[PDB]
Amino acid sequence: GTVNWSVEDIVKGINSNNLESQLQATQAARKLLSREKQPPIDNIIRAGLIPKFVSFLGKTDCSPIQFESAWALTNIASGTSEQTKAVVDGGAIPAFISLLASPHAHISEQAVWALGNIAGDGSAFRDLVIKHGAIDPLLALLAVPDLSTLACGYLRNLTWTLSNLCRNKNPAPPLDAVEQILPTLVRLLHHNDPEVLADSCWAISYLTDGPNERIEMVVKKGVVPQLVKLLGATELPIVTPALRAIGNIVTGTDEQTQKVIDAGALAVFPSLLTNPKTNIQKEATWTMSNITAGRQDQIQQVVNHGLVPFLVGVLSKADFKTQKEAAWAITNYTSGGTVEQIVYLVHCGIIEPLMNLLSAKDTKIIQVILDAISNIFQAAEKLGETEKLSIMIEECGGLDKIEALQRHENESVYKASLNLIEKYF
Amino acid sequence: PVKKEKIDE
Amino acid sequence: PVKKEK
């Protein structure tokens, strides 16, 4: 009946002014937009249908047309920025926010979904959804004693939409909206559904991707322990956002970094730094770099947890981008560590893999590695062991490469190269 | 992702 | 000991 209609037929029905004919045509439109085979979004837009669908959202008397119009508008808003803009320009936002109060749960959910697509377009639409007052009605739908009594699909859609209201920078969401949402997010981060957890962690990852003040809002709510627990999960869709959030947090102050350490995070990194997913290894090594950039007592906790051999490991063999983060982690460690800590690092075998990476075709990593050699030499100078280190570097193929680098395009390279040679070789 | 189509129900 | 974001 409502399968495989032309746009011309949908228009004729929608312009009928028979509410039932309009309902059938709206359903036909929804079925068009629901096909995965290149749905005719732009034809629907050009036919002038969006305003019609929008006004159908307000027909309380006819709940099916409300739902069918909601779903159609959801799928248009799922497209390009320009397609999302057509929906917004049609007045959909306040109309979807009204539908959040629908007594029919399927209609409520569809409105949640639509607003999620709208907010997910970018900061401007996110903030427009917020200005139209979406947050209160959204949070009201989660105001139950136990999240478990709500339908699974519904809770997941709400969580996802909330995560899109936390998403995007330039600018980041309004501080007062973030404060309003955070308590609910903390509750969702303790729910037992893998998908609710993943999206909750993504939200937290977004909120922590900013200056120390943004991080502090999150860290102050006491979520770091739960993030660390989630970091230990089996499901990669949970670990990925949890790790991103933990990594963001350690870009903050040393006191913010300490919360992560105090919550037990470092005990998961043996797995993370050997994880079979490239991205987890990269992001875990990146996280380590910002912990090695901390205080000496923090560096010492890295040492105590047994993670220096893991850094040696990643430096020795990983995707290049991971090895680059490992180089940073080492340079940070050597920059901030005590003499004893730098000695330990050399005893764990850092010299050969550092030297192997000077063959890299990446000017940045060379500068990072050269910095690290310098800092290590500085620690040797304080021990009168510049000779032993010189020999080690010579014996694993290092001197050759540092020499060659005295004749390198980049200035810092050739400079730091010649300084090392002349002082130590 | 950022946006998601509803495909059936 | 310079922290760097992403």
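Read the figures in this text as sums done on the coordinates, not as results from a lab. Note: ideal-geometry Cβ built from the backbone for every residue, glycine included; neighbour counts use all protein chains shown.
A few comments on the model shown:
- If you go through segment A:163-181 and keep only what is within 14 Å of chain B (Cβ to nearest Cβ) and of a type outside the set (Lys, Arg), you end up with A:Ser163, A:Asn164, A:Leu165, A:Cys166, A:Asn168.
- Where helices (runs of 4 or more DSSP H) sit wholly within segment A:232-277, those with at least 1 residues that are over 15 Å from A:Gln301 (Cβ atoms) and more than 14 Å from chain C (Cβ to nearest Cβ) occupy A:236-249, A:269-272.
- Considering segment A:121-157, and only residues there that are small (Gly, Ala, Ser) and over 19 Å from A:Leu182 (Cβ atoms), the residue that is nearest to the chain's Cα centre (by Cα) turns out to be A:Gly122.
- Applying the set (1) free of Cβ contacts under 8 Å to residues at least 24 places away in the same chain; (2) within 12 Å of chain B (Cβ to nearest Cβ) to A:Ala114 leaves exactly one unmet item: (1).
- Listed by position, the helices (runs of 4 or more DSSP H) contained in segment A:278-381 that have at least 1 residues being charged (D, E, K, R) and over 30 Å from A:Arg407 (Cβ atoms) are A:278-292, A:296-304, A:339-347.
- Filtering segment A:31-65 to residues that are within 32 Å of the chain's Cα centre (by Cα), more than 14 Å from A:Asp9 (Cβ to Cβ), within 14 Å of chain B (Cβ to nearest Cβ) and touching a residue at least 24 places away in the same chain (Cβ under 8 Å) leaves A:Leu33, A:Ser34, A:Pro39, A:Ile41.
- Of the criteria (1) in contact with a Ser or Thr (Cβ under 9 Å, 6 or more places away or on another chain); (2) surrounded by 22 or more Cβ atoms within 10 Å (Cβ to Cβ); (3) closer than 28 Å to A:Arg126 by Cβ; (4) within 14 Å of chain B (Cβ to nearest Cβ), which one A:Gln27 fails: (3)
- For segment A:70-86, residues that are part of a helix (DSSP H, G or I), within 11 Å of chain B (Cβ to nearest Cβ), more than 15 Å from A:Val112 (Cβ to Cβ) and not hydroxyl-bearing (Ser, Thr, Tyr) total 3.
- Matching residues, segment A:99-120, being closer than 24 Å to A:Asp176 by Cβ and surrounded by fewer than 15 Cβ atoms within 10 Å (Cβ to Cβ): A:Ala101
- Flag: A:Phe320 matches the condition of being in contact with an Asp or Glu (Cβ under 8 Å, 6 or more places away or on another chain) and more than 14 Å from chain C (Cβ to nearest Cβ).
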